[PDB]
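S.K.: One structure follows; several queries about it will come next.
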Amino acid sequence: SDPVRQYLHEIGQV
Amino acid sequence: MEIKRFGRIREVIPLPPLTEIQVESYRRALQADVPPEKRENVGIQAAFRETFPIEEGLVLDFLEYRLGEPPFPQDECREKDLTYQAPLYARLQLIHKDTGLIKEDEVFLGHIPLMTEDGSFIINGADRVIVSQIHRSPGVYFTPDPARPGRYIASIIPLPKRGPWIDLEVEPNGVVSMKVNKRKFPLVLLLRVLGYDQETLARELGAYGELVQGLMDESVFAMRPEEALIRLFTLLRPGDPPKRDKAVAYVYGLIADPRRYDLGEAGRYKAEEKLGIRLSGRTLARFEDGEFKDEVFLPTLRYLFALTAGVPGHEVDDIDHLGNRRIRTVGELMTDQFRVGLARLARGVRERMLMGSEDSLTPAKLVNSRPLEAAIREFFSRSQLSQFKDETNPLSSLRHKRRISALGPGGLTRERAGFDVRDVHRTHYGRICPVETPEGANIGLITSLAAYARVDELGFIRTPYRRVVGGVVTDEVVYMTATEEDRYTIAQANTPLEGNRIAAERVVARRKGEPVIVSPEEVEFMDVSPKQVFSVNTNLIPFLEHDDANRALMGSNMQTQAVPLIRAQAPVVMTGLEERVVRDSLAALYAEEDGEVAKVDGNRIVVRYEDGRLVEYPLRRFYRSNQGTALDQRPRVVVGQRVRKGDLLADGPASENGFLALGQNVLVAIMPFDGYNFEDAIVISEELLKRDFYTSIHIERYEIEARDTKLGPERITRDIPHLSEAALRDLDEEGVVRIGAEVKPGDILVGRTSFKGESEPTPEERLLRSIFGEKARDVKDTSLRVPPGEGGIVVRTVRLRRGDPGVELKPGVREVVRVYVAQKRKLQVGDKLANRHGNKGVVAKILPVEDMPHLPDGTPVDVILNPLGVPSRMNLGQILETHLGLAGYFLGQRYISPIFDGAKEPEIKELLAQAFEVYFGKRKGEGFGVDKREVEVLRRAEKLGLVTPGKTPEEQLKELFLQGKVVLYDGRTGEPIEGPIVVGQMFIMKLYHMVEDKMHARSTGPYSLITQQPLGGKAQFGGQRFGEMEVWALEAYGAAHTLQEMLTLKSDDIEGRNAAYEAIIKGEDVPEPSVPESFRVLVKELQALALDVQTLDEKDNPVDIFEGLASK
Amino acid sequence: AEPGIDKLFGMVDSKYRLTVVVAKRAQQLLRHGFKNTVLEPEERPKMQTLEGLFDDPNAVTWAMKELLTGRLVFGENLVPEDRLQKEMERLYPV
Amino acid sequence: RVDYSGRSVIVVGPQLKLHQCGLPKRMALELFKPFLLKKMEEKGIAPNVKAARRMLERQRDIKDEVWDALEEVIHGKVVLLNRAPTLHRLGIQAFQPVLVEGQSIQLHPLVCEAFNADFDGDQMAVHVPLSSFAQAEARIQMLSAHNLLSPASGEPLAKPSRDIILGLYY
Amino acid sequence: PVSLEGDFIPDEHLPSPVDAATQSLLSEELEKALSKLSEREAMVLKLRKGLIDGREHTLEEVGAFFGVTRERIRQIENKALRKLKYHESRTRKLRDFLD
Amino acid sequence: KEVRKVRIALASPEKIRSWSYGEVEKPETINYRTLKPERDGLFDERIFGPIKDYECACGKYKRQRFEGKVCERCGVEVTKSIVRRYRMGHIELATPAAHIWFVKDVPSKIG
Amino acid sequence: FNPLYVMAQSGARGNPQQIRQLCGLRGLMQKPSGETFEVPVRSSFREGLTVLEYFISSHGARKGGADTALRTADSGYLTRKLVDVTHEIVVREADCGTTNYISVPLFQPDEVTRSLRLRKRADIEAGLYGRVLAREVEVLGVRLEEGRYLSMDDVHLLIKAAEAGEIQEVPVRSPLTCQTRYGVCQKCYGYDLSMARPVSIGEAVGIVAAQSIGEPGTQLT
Amino acid sequence: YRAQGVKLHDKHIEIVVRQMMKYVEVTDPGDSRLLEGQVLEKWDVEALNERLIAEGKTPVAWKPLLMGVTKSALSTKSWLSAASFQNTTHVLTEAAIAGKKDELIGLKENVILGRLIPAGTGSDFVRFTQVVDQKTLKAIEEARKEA
DNA sequence: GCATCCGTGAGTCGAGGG
RNA sequence: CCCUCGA
DNA sequence: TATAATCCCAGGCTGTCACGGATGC
Ligand SMILES: [Mg+2]
Ligand SMILES: [Zn+2]
Ligand SMILES: [Zn+2]
């Protein structure tokens, strides 16, 4: 839904 | 002339200052007269206290503030289009937690707009008023669940902003649910987070049968507060890592943080009173010694359960009740916006603290006042409750400032507001005026404050009441809230009293708004006055009790629309408030102390007081207001006059000797006249124009700018290409119109020349150029002219130049010139007239004096009203006003008749009798008897049952006069009207709506950019809109070509319209229409949406309406 | 009320047909300089000027009156358009 | 939004025949302005169109013969009157105008019922049909006098009311 | 710059019907005045002011088009301008268009 | 011819491109001093059309005698400025994107 | 000859209720809740009221105004809907040729359900007047042919015949049954009620119907 | 409408209700290309049905379908009508997908296009009528007779 | 087959003011 | 477009 | 062009209803 949070997760994967 | 006043009701206390709501609110907000250490915790002080200190320099703290002197006075502010404000200086200190270094400096936070003495503001040169807003008072409320009968919904409401609306419910499955930010979760969880255990909740809530069993969940009590906290955080925040400190931060911020969560002080007190508890802070809970501690929630749930089970002493709450609704005044709103701006400034501060040198920093380097400035500026410029002031008359301003709006930010959105909110609640009594409110969509949302009504410190409205002990009415006045009022029994103000004691064994009183018949012993309190129940305007309507509510409303609203007249008079019939209103509106000048008047002049009044000092009062003269009405003060006193304290020095606009004068006092007859007064239209005597009745001064401000361009500067000059001396005649050397010159449409106020754009001369232009052997000049004529239908005499010019002392304009702009053009407007055809009773209409005819129906002694009536208006409108007050107005016409006196304590019929009958004795007997002493015509009309009256058969003609005529009717002679014939006509003096006002402003026509002109359809509005010389419904009309008629014409040649079809005008001016028939351009705009706007729109023939083969221009 | 409106409305099978006939005739007269009129000099509608009686500038009035006379023939597919046009331009040049 | 459309406050002419309305001079001048220019060229009030337009541009440059010419212009033609809101087709009607001094539009007493127009300060809009087709459409169809009955009920919409009924009854 | 959302903003590019009619009547009147001359001098003025192909030719090109010397064609231009001046002083039709 | 019908259908990228008089490469409106359309900007006259009637950007061909002729230097066709209301531009996307009307209009057509 | 009585009776102005308010008691009033007060106003505007009575009246007035506004809005909406749904209906020909019709009942079942009684005059008129008969009707010795547009007199005559028990229902051509495509025919439609004559082909009856329903909509209480 | 004292001729209401009954739902396709539960105009399905019966095929079994004026207005065959009423997005998408053609049957369409409406003076019935005086008529009659 | 969240509607014209 | 005021 | 830095733009902030359509016991 929220692009910011989603990107934070995707970045939090590394 | 003598003024006789009626009524037996003695008002114990006077009316409180009217504008006092505004003034007290703003003063209480600023506290500028209070030394900085004596200020309480409210106001901008509250703002500072909430925002500071700023941590994580490590620390920036607040010491105190001050307010400085305005850089410019009010009149100068209005003149130069600046804001009237005071500089805000605050003292902050920078403190490093480690170093111990203390740096302290006074910082400039920008300016705070200041309220004038009358309760208004000045923003960018335009006076504006801040309208108090109404809303649901913060607190805890309980209302029945609409879906589930017998169940209920608990609601915890904070201030606007300041926190989430919290709902508590008992779910169908039996569990207790809590709704926050539209999220349903069991309350039990949060209860555990508060540190509650099943033991305490079972002993507390166990009493109510199987209510607490819905609160019992073992999985919740199986975990310590930390686990439950993390749990709730997971519930409210999906995707967010449930870090403990993050959950604590979020939850604390949501509930226990006084910074980001604040109940009203009223919210606090109401919560306490409702739940029977005491609140330490203004939050719903606290953070104390590492853990969360309950304040609100448990007693709330207890009360809710008690209400649900049917436990006695527990009731729901009226949310439209005036005790559960409060008023947010100017100080509170200003406080809020100030707070938000301050918080923005705090973000700026922290963001600055993370950057830069960690050693060298000052309060100056940290603080940027820009966002605060912008916040305040936005509150005083673009907000909703900040409105362009209504200055039309003093009353307009007064009422404007006394308004109450339910709309605006944090308020109801329109069309979401039904009947419940618009209704008059039983507790509106003596608080909100049941009469005054706009017509149409806004009805019930915009209201007015009652006269004796007061808004206290908690935002609630209070109305006065007198203490009654043992059947004795004291002078003790107890101002009560709605609930306090609901506690008692209150008798009406008209209750019979001998001395201070109740005279009647049966008295009319109210218990919780419900009217009830009671004994004197049972009377606890008593109304102060009828005046307390209505507004300021509604209190200006005489014989109100004889007027239907609707027309009364129109009476008020139109009173505020009244244009000040040069000759204006106070009404022959007054309610007694016509004075105070002039006083509090600060329209009229008053004597400060006792003393002798030294000087009297149009521009000046000088007074020496008992002190010996010489005080000069300058007089405001021919000043233009917001709406265009002229404001000037006329000196009412003579040189060497002895004045006391509070005596009238000068009359302002629309005031007669300290009494409010809106309209005029005329002589009316109510009869049909030749169908000219058909349907509310009015007929007037030309004599009114002769003696300058219904005539007012109107000023119109014009403005033009000279700016720097890339093609070269524009300049104000007396040199205009291609203009005759006839055109430049009234212009001075600089190009400015001279003072005192009459200007007509087409005339030039300010000459101006602008360098032409890039000009490629068309072959015709070059050929003509060569033909006349004249070089085309560099500049062209941009000069400001007069808008068609406007004009007048020039009173003033104001010129501002760049590079001149005290003058700096907006970037790119060289010089600014303002022309003030005033005018004198005679009453004319199409102008609107109205009375205080709601009778309104346009003047359809002006008759020469010889056609006016007249009295036997040859006195022509001023105005003819149609009777057909009165019956369906059900306003009878105007009638009584007319009778007593007649008696006043002859006896030569005016009257004060209070509302609901009146001048009754018999008294007006006696007065009328005396008036007859003046009206008739003079004639009989003049050697004249009864006229033949009068005898005929008398016969007709006998047949009408209006007189008693057998009495002498004089006696019968008097019998007609006490009925307020007289013989009237038609001026066209000389023959009398076949029956006696009602004639008397009525107070009739000219309204702001005049045909001079509203007449407009257009042939061709400016078009809109994109659509290429004509503009709209008069000022822009716009065309009338032909709507959807009008197209429906033309379609229903079945007129195709008229409609098509409206759709093309008239509006957006450029080929069509150019060719049309060309066709007509050549005396040719108009050409067949082509495709409207807005359709092309539609096509291309559909293509931008990647939709292919194709115009096809019957063979489905594409037809290009763009004629190949858009195709490659 | 336009004179004899009952008669004109009685002539046709639709009021709109009347409207078309009238407008067309009006444009005809406007195009040919009134020279094609079926009106005799005494049947000519008159505008009252500052000086005196002149002809009536409104072609529609003329058209309705002519239509009242019964000297005009209306209907569909009486003549090809262009032929009518040039016959009129031949009889009455502009 | 259309060209050739003005507006003003309405007042009741009783003196109007059913098919007529008072149209103020200024308004009528601006609305018919091209026709006024052409008629001005047809007469000697101006050499050409542009000179006439410039002539009308300023108010003090306006003489009386132009008003007579304007009278010559509007002869036989009708305008359209409309009051908002427009509920039914009678919300718009056709009226042969009559020039009047003053700024107000004079409306016939009867048709008021169909317009739901009293005079409280109601204002109406004017529209000039251009072509001969537009005119014939207006006069044959949209003419006030030509619709006396409600297209809905089939009862007369234009009937005596108020003062009139009062008198006849009396 | 700031957002349109604009309806108070006129269209200053496209010609108003008044301007269109004005230009039309100007072209027509100019053709009236040029019709009062001979076709050669009128055509010379038209080619010199560019009423024909849109651009103004030099004296050599008009002289080469009509087959005369530059001095000759310039003198023809002068006498045409003079005759137009006379007809203008006489009729005074075009004056209004000088704004 | 006479227009008897109006059709509305979906536009292929090929269709869209065949409409377009050029692709706007740059997010630039006008020059901050000369106040003229930037090259390959949103208002660029190379694409949409001339600002002045029958005149190019540089001013090389100022007259109607040149019609359909594209100026070589500034790359602007000499024609009526009105086309600036008409001629379509386009933007070529690296990765394709979804028209939201066919996504979020329920029930989703694509879906 | 009293002015109130005159204006009221003639229909110039006023109604019995408003007049009663001017003369007799003002009457009962409503609570804001829609509930009614037990204590009526005994006053007339002639007499003048107490501030209390006036207050109650203000309740009522406010409620009324609100109702009026919101209603105006909704009515406007409905009208627009209607115009949009009916706008393509136009009379496109003389006869669709349908054999179909509708039968307008002159009698309605009583609420007592005792028997059938005559429908009110206005109703019958509204369902009858200006319509084409789809079948021959012989009543009271009068012959009403198929293809007859019923005049007002025809209708009154039919009511008479109904009171004589000759005919309980009248066959009539109706747009409900009209088979004309993209509109209605001349016969099925009716009179053009403005001109009281058969409707001219090309008349747009859709917009007419829509508006006709529209305008009184604002008046519906 | 009666209860409020408003005289309103039934035939208008009949017009509207007629527009409300305009549509039908298929209870069986028969030999046609239609789908069960597909909703369309009664006119169209009756035309198709007569075409199938004339062809000897199986008729489409259908049910009467009543919808309100709003849905019905949105359900009209003209997408210019529907888009200009409300639910503009939905309309435009579905219309584009089907590549629907507006035949310009109704008024609103032509109003948008700025064309001449098909009613009153614009009705094809009366708009083709011609006006000729007897002199011109006889001139043309001679020109016709001589050839 | 029956609740629940999302999207789209909710009178016209005119005026003034920001 | 928001407000406010007119119909 | 070079101490060391490694998951948020916060804006939180509420009194309408009715219909259609997808979604969830
Ligand atoms: Mg009105
Ligand atoms: Zn170039
Ligand atoms: Zn039929």
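Residues in the structure tokens are numbered from 1 in each chain, the chains being A, B, ... in the order shown, and ligands are numbered from 1 in the order shown.
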Neighbours of residue 23 in chain K within 10 Å (only C-alpha atoms (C1' of nucleotides); same-chain residues fewer than 3 positions away dropped), as a list in words?
M.R.: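 With the cut-off at 10 Å, the set is residues 3, 4 and 5 of chain I.
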S.K.: Find the spatial neighbours of residue 8 in chain A, counting only C-alpha atoms (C1' of nucleotides), within a cut-off of 9 Å - ignore same-chain residues fewer than 5 positions away - and output them as a list in words.
M.R.: residues 3 and 13 of chain A; 7 and 8 of chain K
S.K.: So how far away is CA of residue 785 in chain B from CA of residue 752 in chain B, in Å?
M.R.: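 Between these atoms lies a distance of 10.2 Å.
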S.K.: Could you list the protein, DNA and RNA residues that have any atom within 6 Å of ligand 2, counting only C-alpha atoms (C1' of nucleotides) and all ligand atoms, and write them as an mmCIF file with C-alpha atoms, in the first residue's frame?
M.R.:
```cif
data_model
loop_
_atom_site.group_PDB
_atom_site.id
_atom_site.type_symbol
_atom_site.label_atom_id
_atom_site.label_comp_id
_atom_site.auth_asym_id
_atom_site.auth_seq_id
_atom_site.Cartn_x
_atom_site.Cartn_y
_atom_site.Cartn_z
ATOM 1 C CA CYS F 56 9.173 30.385 -36.676
ATOM 2 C CA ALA F 57 11.094 30.533 -33.397
ATOM 3 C CA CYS F 58 14.284 32.129 -34.718
ATOM 4 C CA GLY F 59 12.277 34.315 -37.092
ATOM 5 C CA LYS F 60 13.687 33.020 -40.379
ATOM 6 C CA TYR F 61 10.357 32.572 -42.182
ATOM 7 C CA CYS F 71 12.574 25.992 -40.618
ATOM 8 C CA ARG F 73 17.713 26.300 -37.988
ATOM 9 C CA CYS F 74 15.207 26.205 -35.106
#
```
S.K.: Would you name the residues within 7 Å of ligand 1, counting only C-alpha atoms (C1' of nucleotides) and all ligand atoms, and put them as a list in words?
M.R.: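 If we count only C-alpha atoms (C1' of nucleotides) and all ligand atoms, the neighbours of ligand 1 turn out to be residues 117, 118, 119, 120, 121 and 122 of chain D; 7 of chain J.
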S.K.: Could you state the separation of CA of residue 51 in chain E and CA of residue 28 in chain E in Å, given to one decimal place?
M.R.: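 Taking CA of residue 51 in chain E and CA of residue 28 in chain E, their separation equals 12.4 Å.
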